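Contents: one structure, followed by commentary.
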Amino acid sequence: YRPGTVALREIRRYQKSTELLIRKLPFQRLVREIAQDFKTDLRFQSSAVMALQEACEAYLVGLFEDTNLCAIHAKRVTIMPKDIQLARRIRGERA
Amino acid sequence: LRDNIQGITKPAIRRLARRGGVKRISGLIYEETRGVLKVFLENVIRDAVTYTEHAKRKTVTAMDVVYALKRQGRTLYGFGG
Amino acid sequence: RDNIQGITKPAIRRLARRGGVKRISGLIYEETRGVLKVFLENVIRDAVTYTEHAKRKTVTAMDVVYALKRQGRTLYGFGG
Amino acid sequence: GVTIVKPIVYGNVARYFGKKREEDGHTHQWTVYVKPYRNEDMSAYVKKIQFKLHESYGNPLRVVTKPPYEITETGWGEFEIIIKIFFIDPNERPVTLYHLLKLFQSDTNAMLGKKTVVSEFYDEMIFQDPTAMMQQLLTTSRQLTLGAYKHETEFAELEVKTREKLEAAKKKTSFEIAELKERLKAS
Amino acid sequence: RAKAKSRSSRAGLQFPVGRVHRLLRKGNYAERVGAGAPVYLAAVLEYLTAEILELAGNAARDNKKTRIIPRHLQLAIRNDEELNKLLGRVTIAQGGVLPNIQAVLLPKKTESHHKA
Amino acid sequence: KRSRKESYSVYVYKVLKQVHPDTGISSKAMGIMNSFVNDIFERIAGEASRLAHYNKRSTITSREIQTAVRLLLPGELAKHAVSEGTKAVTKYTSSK
DNA sequence: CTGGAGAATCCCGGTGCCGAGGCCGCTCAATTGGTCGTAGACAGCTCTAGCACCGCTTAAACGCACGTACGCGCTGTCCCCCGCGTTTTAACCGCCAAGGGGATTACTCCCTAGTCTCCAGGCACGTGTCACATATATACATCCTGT
Numbered sequence: 041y042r043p044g045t046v047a048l049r050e051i052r053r054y055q056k057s058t059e060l061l062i063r064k065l066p067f068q069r070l071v072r073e074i075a076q077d078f079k080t081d082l083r084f085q086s087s088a089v090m091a092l093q094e095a096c097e098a099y100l101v102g103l104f105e106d107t108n109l110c111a112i113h114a115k116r117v118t119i120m121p122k123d124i125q126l127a128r129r130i131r132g133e134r135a
Numbered sequence: 022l023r024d025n026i027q028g029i030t031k032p033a034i035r036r037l038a039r040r041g042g043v044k045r046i047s048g049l050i051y052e053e054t055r056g057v058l059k060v061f062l063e064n065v066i067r068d069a070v071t072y073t074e075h076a077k078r079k080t081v082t083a084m085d086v087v088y089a090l091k092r093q094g095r096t097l098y099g100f101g102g
Numbered sequence: 023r024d025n026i027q028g029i030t031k032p033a034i035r036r037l038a039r040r041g042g043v044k045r046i047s048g049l050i051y052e053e054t055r056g057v058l059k060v061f062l063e064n065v066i067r068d069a070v071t072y073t074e075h076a077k078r079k080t081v082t083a084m085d086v087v088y089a090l091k092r093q094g095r096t097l098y099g100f101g102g
Numbered sequence: 018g019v020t021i022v023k024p025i026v027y028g029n030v031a032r033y034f035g036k037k038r039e040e041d042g043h044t045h046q047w048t049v050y051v052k053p054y055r056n057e058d059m060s061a062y063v064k065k066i067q068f069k070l071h072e073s074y075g076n077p078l079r080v081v082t083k084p085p086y087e088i089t090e091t092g093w094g095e096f097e098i099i100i101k102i103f104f105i106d107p108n109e110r111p112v113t114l115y116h117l118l119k120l121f122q123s124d125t126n127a128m129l130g131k132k133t134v135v136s137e138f139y140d141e142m143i144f145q146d147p148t149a150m151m152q153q154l155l156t157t158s159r160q161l162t163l164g165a166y167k168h169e170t171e172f173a174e175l176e177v178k179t180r181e182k183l184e185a186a187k188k189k190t191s192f193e194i195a196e197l198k199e200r201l202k203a204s
Numbered sequence: 011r012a013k014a015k016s017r018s019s020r021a022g023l024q025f026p027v028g029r030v031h032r033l034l035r036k037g038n039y040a041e042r043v044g045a046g047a048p049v050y051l052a053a054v055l056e057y058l059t060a061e062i063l064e065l066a067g068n069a070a071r072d073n074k075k076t077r078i079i080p081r082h083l084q085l086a087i088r089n090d091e092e093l094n095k096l097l098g099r100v101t102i103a104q105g106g107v108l109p110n111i112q113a114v115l116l117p118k119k120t121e122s123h124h125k126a
Numbered sequence: 027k028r029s030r031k032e033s034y035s036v037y038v039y040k041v042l043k044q045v046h047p048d049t050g051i052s053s054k055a056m057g058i059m060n061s062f063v064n065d066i067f068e069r070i071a072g073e074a075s076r077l078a079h080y081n082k083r084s085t086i087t088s089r090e091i092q093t094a095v096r097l098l099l100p101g102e103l104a105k106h107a108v109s110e111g112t113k114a115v116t117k118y119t120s121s122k
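Chains as they are written, first to last, in the entry's author numbering: chain C, 41 to 135; chain D, 22 to 102; chain H, 23 to 102; chain W, 18 to 204; chain A, 11 to 126; chain B, 27 to 122.
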């Protein structure tokens, strides 16, 4: 097929399921690298990393929803960078 | 470190967009997503390490992350104990 | 009563001009009126609650300041 | 009368796909890089390192910011990569390096069946009469990693050097196990 | 002494009025907490918990499950008009957003007979 | 040498069973419910404290909590909580 | 692409109106001086996670190839907001009764609430099982082979 099929089925599936979409191991290294800049030799509880991942995934899902809305605003189906930029600006994160 | 922000590959961002109702994704969306997730994690982890250092602790507890998210208005349930 | 029309077309036009807008659609005024009515209703409900709690008959300006503070619209210049 | 020498090593590693790209035209995945010889963070005094690739690519002028300084890219032929190192101090003249992207092996190395090509050269950045700020930045450089730092210039010889120990120990352990435990079971 | 009666039983609440008043008196929220404040707080907490639990159980029965999970809590919170308004800022672990139906794919495009 | 930590799992499972006899709840769902309980607790307590402070009052009373519930809970949700609290206070002072 | 008008600004100097600043005089609230239980800090001790690996498995990320579908630009033309002048109107007055509506202050007083006991029962913790998931005998059950 083309731009019109499997994306919708993937939407349906990944919205029905609630598993973590981001891999645990690669995200843990990212979190530790971000923490490095604040305190050397820092430890993280597993539950803390899981909470960080959950918060990040929820924030990204909300951002993509607001970005899908921005894309639909311009008669467009594809989300472009300016969509996320507008979503963040109206959010007040990068005004 | 070895550029761990690239540990968020295109399939992961694509799944996240799928869950967010996105129908089609552009090519440059992935860089913007990795930069926004990075900025968010920066603030969250800064708040967590600020709560930790003040406690003279060497481990970032889950309660620290919960309080950090609560400061940002991102209150998270599931780790309150 | 129905005096919501007190916020007339030129008032909304000036409010938009102050916001950078240079061209407004025709259907913008009836939407701005409803948005402002909801915002008011909310702030005034909060202020009236604060006033009733204090057993006072007059809605003081500080009550409005607190009502706005609840909605995140912290207004400086009236006491806090 | 102040002279500070910062040894560096620049080059590239390349891996052959085993077959030419279906329709693209690439055959080797290569990564040009610039890294220090001593275990120290170069970003303490380096602001950015620009890698000007061949014009055939969409963006020939690549940029990196932090201690690594490597860009991973695929290609099909060898060309000269112009590397320009910019320092934090704008008053210090940037350093320009010329590296020939090497992707193919020599007949001798090809016969050995080694898959990874390596070509990096030893170099030293000489800072003669640097500014006070630049001097402080160069002298205050911290360590980069807790582990060791190594280079595989040629690799043809480093692979043999590593194997002479790795395979030796592996075979010794395998023998000590198989020759002894079977007889122990026999008893 | 006389058989001691708890404050949760007197009012008729399940949540702990005692522990509520305890957290309040040494929580620095005030200088001298009133005797009725904790009762009212516990009653409101109990009512909200009962409502959300009713909605979660309804969602679970609709999903043909017996044990309530973050899925059901998220569904219940985002379906109700007022609970979502109350918990808009909140995020739940192992939760998910409301999904879309894939039946739309069938009467638009499917695999053809070509080399089927 | 025990390090015991408290929770509302005891009053929430009871409430669940009294409202849903046949439906249970998982451990993580219980933790989420406890987090919600604590969050609403904090919100109501802070609102009542601030309301009392506005009137130059050093004591949080049932009236302050009632107005805080009126303020926090939206639309047709506050009324029910206020009614439940009032009926519990009236039944509490009646010595039943 | 200038002219050629033509409004719009906008310097720039002028001048009273009235808020901003200052000064005075008390009131009250921060300082002083001193006593008195905690707070928490710090010195151990324990043992729970946290980290760090390592191996096997394989999902998954990924690059490529390959259309189709969606994005962008272009175009046409045709509605609906802009600019601006006229009639309308509401928003300011001013009027003319005669007094209260309600925040604000204050003083008793007195119920309510802190404080501070002693207890004992009800809720964190340890342990007993039971619902669902897992891995394995098994009685046939379908090709293969003498025959």
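Every residue, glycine too, gets a C-beta built ideally from N, C-alpha and C.
| request: Can you have a look at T85 (chain B) and say buried or exposed, based on whether 16 or more other CB atoms are within 10 angstroms of its CB? | output: Residue numbering aside, residue 85 (chain B) sits at position 59 when the sixth sequence is read from its first letter. Result: exposed.
| Whose Cβ in chain A lies nearer than 9 Å to the Cβ of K64 (chain C)? | Residue mapping note: residue 64 (chain C) aligns to position 24 of the first sequence, counting from 1. Within 9 Å Cβ-Cβ: nothing; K64 (chain C) doesn't reach chain A, min ~13 Å.
| query | Under a CB-based cut-off of 9 Å, is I130 (chain C) close to chain D? | reply | Residue mapping note: residue 130 (chain C) aligns to position 90 of the first sequence, counting from 1. Answer no: the Cβ-Cβ gap between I130 (chain C) and chain D never drops below 9 Å.
| request: Assess, as a yes-or-no matter, whether the region 100-115 of chain A is touched by the region 44-52 of chain C under the definition of 3 or more beta carbon pairs within less than 8 Å. | output: yes
| Which first and last residues belong to the beta strand (DSSP E) in which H82 (chain A) is found? | Here residue 82 (chain A) refers to the residue found at position 72 when the fifth sequence is read from its first residue. Looking at the DSSP string, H82 (chain A) is not in any beta strand (DSSP E); the run it does join, the alpha helix (DSSP H), is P80 to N89.
| message | Against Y72 (chain D), what residues of chain A qualify as contacts under a CB-to-CB distance less than 8 Å, listed in chain order? | response | Here residue 72 (chain D) corresponds to residue number 51 of the second sequence, with the count starting at 1. Here the premise fails: no neighbours, minimum Cβ distance about 19 Å.
| task | May I ask you to list, following chain order, the residues of the region 18-35 of chain A that have a beta carbon less than 9 Å from some beta carbon of chain C? | result | none
| Do the region 36-55 of chain H and the region 103-113 of chain C meet, that is, are 3 or more Cβ pairs less than 8 Å apart? | no
| message | Can you tell me whether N29 (chain W) is buried or exposed? The criterion is at least 16 other CB atoms within 10 Å of its CB, across all chains shown. | response | Counted from its first residue, the fourth sequence places residue 29 (chain W) at position 12. Label assigned to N29 (chain W): buried.
| request: Indicate whether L161 (chain W) and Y62 (chain W) have their beta-carbon atoms separated by less than 9 Å. | output: Taking the fourth sequence and counting its residues from 1, the one referred to as residue 161 (chain W) is at position 144. Taking the fourth sequence and counting its residues from 1, the one referred to as residue 62 (chain W) is at position 45. Not closer than 9 Å, so no.
| Neighbour flag for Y98 (chain D) against chain A, beta carbons, 9 Å | For the purposes of this step, residue 98 (chain D) is taken as the residue at position 77 of the second sequence. At least one chain A Cβ lies under 9 Å of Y98 (chain D).
| task | Could you name the residues of the region 84-104 of chain A whose beta carbon sits closer than 7 Å to any beta carbon of chain C, in the order they occur along the chain? | result | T101, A103 and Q104
| request: List in chain order: all unbroken beta strand (DSSP E) runs of 3+ residues lying wholly within the region 74-134 of chain W. | output: 78-81, 87-92, 97-104 and 112-117
| query | What do you reckon, are the CB atoms on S123 (chain W) and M59 (chain W) nearer than 9 Å? | reply | Working through the fourth sequence from its first residue, we reach residue 123 (chain W) at position 106. Working through the fourth sequence from its first residue, we reach residue 59 (chain W) at position 42. Going by C-beta atoms, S123 (chain W) is not nearer than 9 Å to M59 (chain W).
| said: Taking contact to mean 3 or more Cβ pairs, one atom from each stretch, closer than 8 Å, check whether the region 86-97 of chain D and the region 40-47 of chain B are in contact. | reply: no
| request: Using a Cβ cut-off of 7 Å, pull out every chain A residue sitting near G94 (chain D), in sequence order please. | output: Taking the first residue of the second sequence as 1, we reach residue 94 (chain D) at position 73. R99, listed in chain order.
| By Cβ distance, which residues of its chain are closer than 7 Å to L92 (chain C), with the 5 residues on each side in sequence left out? | For the purposes of this step, residue 92 (chain C) is identified with residue 52 of the first sequence, where counting begins at 1. Hits under 7 Å: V71.
| request: Grab me the residues of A75 (chain C)'s own chain with a C-beta within less than 6 Å of its C-beta, minus the 5 sequence neighbours each way, in chain order. | output: Residue mapping note: residue 75 (chain C) aligns to position 35 of the first sequence, counting from 1. For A75 (chain C), where only same-chain residues beyond five positions count, the Cβ hits under 6 Å are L82.
| said: Am I right that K122 (chain B) and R17 (chain A) are in contact with their C-beta atoms under 8 Å? What's the rounded C-beta distance? | reply: Residue numbering aside, residue 122 (chain B) sits at position 96 when the sixth sequence is read from its first letter. Residue numbering aside, residue 17 (chain A) sits at position 7 when the fifth sequence is read from its first letter. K122 (chain B) to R17 (chain A), Cβ: 12 Å. No contact.
| Does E121 (chain A) get closer than 9 Å to chain B when you measure Cβ to Cβ? | By one-based count along the fifth sequence, residue 121 (chain A) stands at place 111. Answer no: the Cβ-Cβ gap between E121 (chain A) and chain B never drops below 9 Å.
| Where does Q85 (chain C) fall in DSSP's three states? | Here residue 85 (chain C) corresponds to residue number 45 of the first sequence, with the count starting at 1. In the structure shown, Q85 (chain C) sits in coil (DSSP, three-state: anything other than H, G, I, E or B).
| request: Can you pull the chain A residues whose beta carbon is under 9 Å from the beta carbon of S52 (chain B), in chain order? | output: Taking the first residue of the sixth sequence as 1, we reach residue 52 (chain B) at position 26. Per Cβ cutoff of 9 Å: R77, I78, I79 and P80.
| request: Confirm, please, whether the CB-CB distance from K69 (chain W) to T82 (chain W) is below 9 Å. | output: As a first step, residue 82 (chain W) must be located in the fourth sequence, where it is residue number 65. As a first step, residue 69 (chain W) must be located in the fourth sequence, where it is residue number 52. Their beta carbons are not under 9 Å apart, which means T82 (chain W) does not touch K69 (chain W) by this criterion.
| By how many angstroms is the C-alpha of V112 (chain W) removed from the C-alpha of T170 (chain W)? | By 1-based counting over the fourth sequence, the position of residue 170 (chain W) is 153. By 1-based counting over the fourth sequence, the position of residue 112 (chain W) is 95. Roughly 22 Å separates the two Cα atoms.
| said: At the level of alpha carbons, what is the spacing between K117 (chain B) and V30 (chain A)? | reply: Counting from 1 along the sixth sequence, the entry for residue 117 (chain B) is found at position 91. Counting from 1 along the fifth sequence, the entry for residue 30 (chain A) is found at position 20. Taking the straight line joining both Cα atoms gives about 18 Å.
| task | Look at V115 (chain B) and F25 (chain A) and say whether their C-beta atoms are less than 9 Å apart. | result | Looking up residue 115 (chain B) in the sixth sequence gives position 89. Looking up residue 25 (chain A) in the fifth sequence gives position 15. Their beta carbons are not under 9 Å apart, which means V115 (chain B) does not touch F25 (chain A) by this criterion.
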